[PDB]
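Enquirer: I have a structure I would like to understand better, so I am pasting it below and will then ask my questions one at a time.
Readers should treat all values here as calculations from the given coordinates under stated rules, not as data from a laboratory. Cβ coordinates were reconstructed from backbone atoms using ideal geometry, including for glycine residues, and neighbour counts include every protein chain displayed.
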Amino acid sequence: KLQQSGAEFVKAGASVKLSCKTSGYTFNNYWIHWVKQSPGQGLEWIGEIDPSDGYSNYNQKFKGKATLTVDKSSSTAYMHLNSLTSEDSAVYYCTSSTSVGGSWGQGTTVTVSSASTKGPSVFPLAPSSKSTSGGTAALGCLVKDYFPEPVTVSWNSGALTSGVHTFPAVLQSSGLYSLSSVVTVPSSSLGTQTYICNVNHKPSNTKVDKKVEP
Amino acid sequence: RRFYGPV
Amino acid sequence: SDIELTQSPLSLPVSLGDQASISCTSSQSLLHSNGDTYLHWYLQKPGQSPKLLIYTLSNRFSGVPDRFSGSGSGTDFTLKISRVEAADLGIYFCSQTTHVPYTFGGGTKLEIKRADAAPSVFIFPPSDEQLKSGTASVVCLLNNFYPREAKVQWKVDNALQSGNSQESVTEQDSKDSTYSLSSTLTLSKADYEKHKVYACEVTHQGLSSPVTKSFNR
């Protein structure tokens, strides 16, 4: 029974306090740890605090960046990050452990960016003789130059449109994400259906529907 | 004044 | 001089129902003076947090089955998984808490092994629509193959390309246990229009020689 505060989207130079609500039993018995997961640096231990007496130790690296506190009254654990930078953009876990284990929180995402939201430009990847594999045509939509994550692509025609491959986003040197979403369909279907990729980018209020015609 | 065990 | 924990291999394909074993090598001794060795193993499933399997070398976290077994000493450590099930798939991390600061290994992905399958390769010219908008992206698709390792190269008028393409790979497929991959060649419209031949060349284990899909504009 752990409960972590909501996603944070912050400017560089900011401070944010992340929180972690536990039980009254947890707080009394378990130690509390904080852990960082980032694509650059993987999994990292930030530090620990014994809620019983507030005593705390830190990863040398995170001294100055992070401060750990507890509030008995509410059985809530706090981690203050200050002087935030893009390298601090990560998922932060709160954990309760003992000598025989325990559990980890669901984790708060922190995103450290002031850059502008940008809706995707959506382009068809049309079916042709060069996207055909004896019976089936491949087609898709290129979902290019958006920020931030995520997008959602979905296809029409129900059952036969699964076997969808929506690719992981790739970050471009421009700082905009881009991806493709492709599908394989019976070549016969292209005469009796017009395939449409429905692209939603929540951050920028974008909904696009692109027909992918031969 | 260590914690002992798994994170 | 923090304790570095090196895992091998990176990704481990196994048949479901077989044994798996994963190595974690510590840059220093993790044997504490109290006699415990504080080397732990977690599993992280996609879109979830890490869950403890094995702690202080070889103890099972409560509810962890014994088909998960931890051993080692000194600087070499192993996680053996005995009857690999589907819900065992994901990323396994080792971690030491013997010395402050506590550290984590880079992770090992436990994957599904299966027979080779060659990719179907398709190429996609840029849409006229994108061209109007100034850029020209060409998409090359490698669909449903195994294993994951694949070389994709671009040639424009027989000139091998460098620095203008990005690849992305799907996670292993539910149904057939294959991968798919996109390579995207990004050019300016003006660049795109100066050349006629665009070719995606693919090298993969499951093919006897490389396949080149191409179009002329």
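Enquirer: Please compute P(r) over all alpha-carbon pairs of the range A:115-214, binned at 5 Å starting from zero, and give each bin as a whole-number percent.
Expert: Histogramming the range A:115-214 at 5 Å steps yields 3, 14, 25, 23, 15, 11, 7, 3, 1, 0 percent.
Enquirer: So how far apart, in nm, are the two label points at A:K202 and A:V100 if each is 7 Å from Cα heading toward Cβ?
Expert: Computed distance between label sites A:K202 and A:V100 equals 4.0 nm.
Enquirer: With θ taken as phi - 60° and the coefficients 6.51, -1.76 and 1.60, list the Karplus ³J(HN,Hα) couplings across the range A:89-101 in order, rounded to whole Hz; mark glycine and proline as x.
Expert: Each residue of the range A:89-101 in turn: 4, 6, 9, 10, 9, 10, 9, 10, 9, 9, 4, 10, x Hz.
Enquirer: Averaged over peptide A:120-132, how many Cβ atoms belonging to another chain are found within 10 Å of each residue's Cβ? Show your work: numbers first, answer last.
Expert: Numbers: counts 0, 4, 3, 11, 5, 11, 4, 2, 5, 1, 8, 9, 2.
The mean count of partner-chain Cβ atoms within 10 Å per residue comes to 5.
Enquirer: Would you compute, from DSSP H runs of 4+ residues alone, the mean residue ellipticity of the protein assembly as shown at 222 nm, taking -39500 (n - 2.57) per run and dividing by the full residue count, rounded to the nearest 500?
Expert: Details: 4 runs with 20 residues, N = 438.
Theoretical 222 nm ellipticity from helices: -1000 deg cm²/dmol.
Enquirer: How much of the DSSP bridge set in chain C is antiparallel, in percent, rounded to the nearest 5? Intermediate results must be reported in sequence, preceding the final value.
Expert: Numbers: 67 of 71 bridges.
Roughly 95 percent of the DSSP beta bridges within chain C come out antiparallel.
Enquirer: With the crude spin-label approximation of a point 7 Å out along Cα→Cβ, what separation in nm comes out for C:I112 versus C:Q166?
Expert: Here the modelled spin labels are 2.8 nm apart.
Enquirer: Need one number: nm distance between label points at A:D50 and C:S82, each 7 Å from Cα along Cα→Cβ, rounded to one decimal.
Expert: Once both label points are built, they end up 3.7 nm from each other.
Enquirer: Quick one: Cα centre-to-centre distance for the range C:15-70 and the range A:59-96, in angstrom?
Expert: 26 Å
Enquirer: Return the inverse of the average 1/r over all pairs of distinct C-alpha atoms in the range C:99-196, which is the Kirkwood hydrodynamic radius, in Å to one decimal. Write down the numbers at each step before the final one.
Expert: On the way: mean 1/r = 0.0625 Å⁻¹.
Result for the range C:99-196, one decimal place: 16.0 Å.
Enquirer: Most mobile of C:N164, C:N144, C:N59 per a Gaussian network model of chain C (Cα springs, under 10 Å)?
Expert: C:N164
Enquirer: Also, quick follow-up: What ³J(HN,Hα) values, in whole Hz, does the Karplus curve 6.51 cos²θ - 1.76 cosθ + 1.60 give for the range A:110-121 when θ = phi - 60°, with x put for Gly and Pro?
Expert: Using θ = phi - 60°, the values come out as 10, 10, 10, 7, 9, 5, 6, 4, 9, x, x, 7 Hz.
Enquirer: Using Cα springs under 10 Å in a Gaussian network model of chain C, which residue among C:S133, C:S15, C:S165 shows the largest mean-square fluctuation?
Expert: C:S133
Enquirer: Counting only other chains, and only Cβ atoms inside 10 Å, what mean value do you get across the residues of C:92-101?
Expert: On the way: counts 0, 3, 0, 5, 2, 10, 2, 1, 9, 11.
Counting Cβ atoms of other protein chains within 10 Å of each residue's Cβ and averaging gives 4.
Enquirer: Could you let me know the centre-to-centre spacing of the range A:174-191 and the range A:124-168, using Cα atoms, in angstrom?
Expert: Answer, in whole Å: 2.
Enquirer: Averaged over peptide C:133-143, how many Cβ atoms belonging to another chain are found within 10 Å of each residue's Cβ?
Expert: Details: counts 4, 0, 4, 0, 6, 2, 7, 0, 10, 0, 8.
Counting other chains' Cβ atoms within 10 Å and averaging over C:133-143 gives 4.
Enquirer: In chain A, which longest range has no trypsin sites (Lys or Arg not before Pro) that are both DSSP loop (not H, G, I, E or B) and surrounded by at most 14 other Cβ atoms within 10 Å?
Expert: Working: sites that count: A:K1, A:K11, A:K63.
It runs A:64-214.
Enquirer: Quote the FRET efficiency, to the nearest 0.05, computed for A:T85 versus C:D157 with a Förster distance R0 of 56 Å and r equal to the Cβ-Cβ distance.
Expert: Values: r = 44 Å, r/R0 = 0.78.
Efficiency at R0 = 56 Å is approximately 0.80.
Enquirer: Another question, if that's okay. Could you tell me the relative contact order of chain A? Use alpha-carbon pairs under 8 Å, at least six residues apart, and round to a whole percent.
Expert: Working: 487 pairs, mean separation 38.9, N = 214.
Answer for chain A is 18 percent.
Enquirer: Within the range A:180-214, find all residues whose amide N lies under 12 Å from a label point positioned 7 Å from the Cα of C:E129 along Cα-to-beta-carbon.
Expert: A:195-199, A:208-214
Enquirer: Per residue of the range C:91-96, what does 6.51 cos²θ - 1.76 cosθ + 1.60 with θ = phi - 60° give for ³J(HN,Hα)? Whole Hz please, x for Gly and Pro, Karplus curve as stated.
Expert: Result, rounded to whole Hz: 10, 9, 10, 9, 7, 10.
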